[PDB]
2 protein chains.
Amino acid sequence: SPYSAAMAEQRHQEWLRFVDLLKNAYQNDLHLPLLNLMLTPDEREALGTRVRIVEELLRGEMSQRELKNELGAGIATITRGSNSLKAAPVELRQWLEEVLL
Amino acid sequence: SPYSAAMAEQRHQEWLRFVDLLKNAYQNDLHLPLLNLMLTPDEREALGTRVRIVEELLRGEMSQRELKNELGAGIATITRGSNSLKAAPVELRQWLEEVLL
Ligand SMILES: N[C@@H](Cc1c[nH]c2ccccc12)C(=O)O
Ligand SMILES: N[C@@H](Cc1c[nH]c2ccccc12)C(=O)O
């Protein structure tokens, strides 16, 4: 059932319903309460850490091992982060270099 | 070590940086690739489902058991959603009723 075409199309629309919800929360300055509701504390912590991983990977100064030890993350976490950043569109990465660095 | 005011301070700074990066991404129409970068596929799926949990809990029509069975979720997931909703500030909750119902 989970691997069906119907379940996949529903999943895509459900995700975008969240994205649009959050867009509107930011517009009405309800983003912080919404994200407190919608996420667990450990998810929020992971997201704060992932920002630093992306930042430091784009910066290119720390090695992936240095980065793991600085953040208390596992090597595999850093590697997933690196894989995802490698796959990101150029337009995002270019912007991230502007705003994160 | 993770259980200190210093680490709580740092975690919040890091979380707010994510929140503000994403705020900025929405302003620049880069939210979609940023969320693809920063979240896993199971995380996005879970967020899409949690929007439905919150929607159906506010609607008040389905029982929590009906909800669990419709979404293929555990009872305890529905319970966590219900707990967070009961604790939500009224401004957030009223706005969710507005936009989701
Ligand atoms: N998009 C990534 C999410 C992710 C996992 N670990 C990370 C570490 C850093 C940055 C992003 C990530 C993925 O699907 O795997
Ligand atoms: N803020 C909630 C996140 C959550 C977990 N499961 C949910 C189900 C529905 C809505 C929100 C949630 C929490 O910390 O537990």
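Draft legend 1. Layout of the pattern of salt bridges. This structure, assessed with the given rule, holds 14 salt bridges over all chains. Of the charged contacts in the structure, one is a salt bridge between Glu14 of chain A and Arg52 of chain B, with a shortest N-O distance of 3.0 Å. Taken together, the positions of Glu14 of chain A in helix α1 (residues 5-27) and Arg52 of chain B in helix α3 (residues 41-59) put the pair across two chains. With its nearest N and O atoms 3.1 Å apart, the salt bridge here joins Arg59 of chain B to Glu55 of chain B. Of this pair, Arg59 of chain B and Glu55 of chain B both sit in helix α3, four residues apart, which is roughly one turn of the helix. Take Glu55 of chain B: its relative accessible area is 18%, and that puts it in the buried class. Bridged by salt links that share partners, the residues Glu55, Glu56 and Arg59 of chain A together with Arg17 of chain B form one connected network.

Draft legend 2. Seen up close, the relation of the copies chain A and chain B. For these two chains of identical sequence, chain A goes onto chain B by a turn of 179° and a shift of 0.0 Å along the axis, with RMSD 0.3 Å. The symmetry that links the two subunits is that of a two-fold axis. When the interface residues of chain A are mapped onto chain B, 95% of them again fall at the interface, so both copies present the same face.

Draft legend 3. Seen up close, the packing of helix α3 (residues 41-59) of chain A against helix α6 (residues 90-100) of chain A. Residue and element names in this part refer to chain A. It is the contact of α3 with α6, at a shortest axis distance of 10 Å, that shows an interaxial angle of 95°. When the interaxial angle is binned, α3 and α6 end up roughly perpendicular. Residues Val51, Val54, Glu55, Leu58 and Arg59 of α3 lie in contact with α6, whose contacting residues are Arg93, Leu96, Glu97 and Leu100. Tallied by class, the residues present in the contact of α3 with α6 amount to five nonpolar, no polar and four charged.

Draft legend 4. Region of the structure containing the interface of chain A and chain B. Taken together, the contact between chain A and chain B spans 44 residues of the former and 44 residues of the latter. Together chain A and chain B conceal approximately 4,100 Å² of surface at their shared face, both sides included; 75% is due to carbon and sulfur atoms. Area buried by chain A at its contact with chain B is led by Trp15, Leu37 and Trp95 of chain A, which between them contribute 17% of it. Counting the contacts that link chain A with chain B gives five salt bridges. Linking chain A with chain B are 13 residue pairs in polar contact. Sorting the residues of the side of chain A that touches chain B by element identifies α1, α2 (31-38), α3, α5 (75-87) and α6 of chain A as the ones contributing at least two each. Among the elements that make up the side of chain A that touches chain B, the one with the highest residue count is α1 of chain A (13 residues).

Draft legend 5. Region of interest: the site of ligand 2. Surveying the vicinity of ligand 2 reveals the residues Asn36, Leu37, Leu39, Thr40 and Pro41 of chain A together with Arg50, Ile53, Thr77, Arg80, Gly81 and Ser84 of chain B. In the environment of ligand 2, a nitrogen atom lies 2.9 Å from a nitrogen or oxygen atom belonging to the backbone of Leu39 of chain A. With respect to ligand 2, the side chain of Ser84 of chain B contributes an N or O atom lying 3.3 Å from a nitrogen atom. Here ligand 2 loses 89% of its free accessible area of 360 Å² to cover by the protein chains. Secondary-structure elements contributing two or more residues to the shell around ligand 2 are α2 of chain A together with α3 and α5 (75-87) of chain B. Here the shell around ligand 2 takes four residues from α5 of chain B, the largest share from any one element. Broken down by class, the residue content of the shell around ligand 2 amounts to four nonpolar, five polar and two charged.

Draft legend 6. Structural context of the site of ligand 1. The environment of ligand 1 is formed by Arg50, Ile53, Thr77, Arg80, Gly81 and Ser84 of chain A together with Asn36, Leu37, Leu39, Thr40 and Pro41 of chain B. Neighbouring residues of ligand 1 are distributed over chains A and B. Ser84 of chain A places a polar side-chain atom, nitrogen or oxygen, 3.1 Å from a nitrogen atom of ligand 1. For ligand 1, whose accessible area on its own is 360 Å², the fraction buried by protein is 88%. Elements with a minimum of two residues in the shell around ligand 1: α3 and α5 of chain A together with α2 (31-38) of chain B. Looking at the shell around ligand 1 element by element, the count peaks at four residues for α5 of chain A. Looking at side-chain class alone, the shell around ligand 1 contains four nonpolar, five polar and two charged residues.

What counts as what
Residues numbered from 1 in each chain as written, not as in the entry; some residues may be left out. Chains lettered and ligands numbered in written order. Heavy atoms only, no water. Salt bridge = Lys/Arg side-chain N within 4 Å of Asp/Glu carboxyl O. Helix = DSSP H or I, 4+ residues; strand = E, 2+ residues; numbered from the N terminus. Buried < 20%, exposed > 50% of the residue type's maximum accessible area, 1.4 Å probe, protein only. Least-squares fit on C-alpha atoms. Contact = heavy atoms within 4.5 Å. Axes fitted to C-alpha atoms, helices over the stretch in contact; angles between N-to-C directions. Parallel < 35°, antiparallel > 145°, perpendicular 65-115°, else oblique. Nonpolar A, V, L, I, M, F, W, Y, C, P; charged D, E, K, R; others polar. Buried area = accessible area lost by both parts, 1.4 Å probe. Polar contact = N/O pair within 3.5 Å; in protein donor to acceptor, adjacent residues only side chain to side chain. Near = heavy atom within 4 Å. Areas by Shrake-Rupley, 256 points an atom, 1.4 Å probe, with all protein chains shown as cover.

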